[PDB]
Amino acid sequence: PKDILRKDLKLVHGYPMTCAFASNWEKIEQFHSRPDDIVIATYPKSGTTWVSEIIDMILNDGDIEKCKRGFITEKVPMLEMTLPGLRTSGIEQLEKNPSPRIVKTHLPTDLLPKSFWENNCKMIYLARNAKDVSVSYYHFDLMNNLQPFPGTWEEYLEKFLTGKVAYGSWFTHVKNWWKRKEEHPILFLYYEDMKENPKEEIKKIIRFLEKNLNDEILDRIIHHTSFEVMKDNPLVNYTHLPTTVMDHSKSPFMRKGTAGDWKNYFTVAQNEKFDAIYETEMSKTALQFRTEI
C-alpha cells in the first residue's frame, strides 16, 4: 500500500491518472464487453454512485433486498479501478458478474475500451456543472489517499482549470462525450435535473432501458436513492473501503449532495476567472449547465 498512497499522477495517453489506476493499462484497453452491458460514464464527482443505485434499482424492478446483495463496488464495478492486494480489480469483479452488467467508468471517450462501442452498448453519460464538480473533487482528494494531496483550495482550483487532475480536463471530457451522443446509444443527463426533478429524470432512464415500472415502484426508487437515505446506506456511502483508501474523517464521501455548494468556496475573483475560461471552452457547444437550482 505504501507505494500507491498519495503519489503523483502518471500520464496515460496524455491524461493525468491516479497512480494506483495507471498500471497494466493493456488490460483495460482490451476489456471484453457483453452487448447487454450498461455503462455509466461520468467525469469524477458528477453523481456516478447516485445513478449506479438508481440503475441497479431499475434493473432489479425496485426490489430493495436485491439491491442489498452486495456493496456498490461489487454490484457496479469501476472498470479502471485497481488496488492490488487490497481489492479485487474492477475488471476482475466484472468477469465474475452476471449479465446485464452495470459498469461504472470516468474514462474519456478515447480511453473507453472500444469493445463497448463495438458491442453497441447502451450508455448513461451524466454531467454536473463544473463549479460544483471542482468543489466536490477538492474535498474528495482530502479523504481519498490514492489521490495526490490537493493543497489549498486556491491551489487546487488552478489545477482543476488547467486539467491537471485525474482524468484531465472537465471541459474536454464533457464536450467529447456529448459529441459521441449522435452516433451511439447514449442517454445524456444532468446532475442538477436529477436533483430538481428525480421522478422525471428516473423515467428517462426507465424508458432508455426499455423497462416499464409503475408509480409505486418509481416512488420507492426516488425514496431509496435520495441523498438522506443513501448517505446512511452502508452498501453505497463508501465506508466499507479501507481507511487507507478513504478516510471519511477528512471529508465524507456523501458530503453535501447539493447544487450550488460551490458558492461557499469560490471567491468572486476565482469566479470571474473561472467564468472567462468556461465561456472560451463552452460557448460554442450545445451544453447548457445550471450552477444552482
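We number the residues from 1 along the sequence you see.
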Worksheet entry | Greater mean Cα temperature factor according to the PDB record, 261 to 269 or 60 to 68 | 60 to 68
Worksheet item: Which is higher in the entry, the mean Cα B factor of 177 to 185 or that of 118 to 126?
Response: 177 to 185
Worksheet item: Which listed residue, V135, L83, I202, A166, has the largest C-alpha temperature factor in the record?
Response: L83
Worksheet item: Thinking about Cα B factors across the chain, which third does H224 belong to?
Response: middle
Worksheet item: Lowest, middle or highest third: where is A41 by Cα B-factor in its chain?
Response: lowest
Worksheet item: Split the chain's modelled residues into thirds by Cα B-factor; is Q147 in the lowest, middle or highest one?
Response: middle
Worksheet item: Thinking about Cα B factors across the chain, which third does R34 belong to?
Response: middle
Discussion item. How does the C-alpha B factor of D141 compare with the rest of the chain: lowest, middle or highest third?
Written reply: lowest
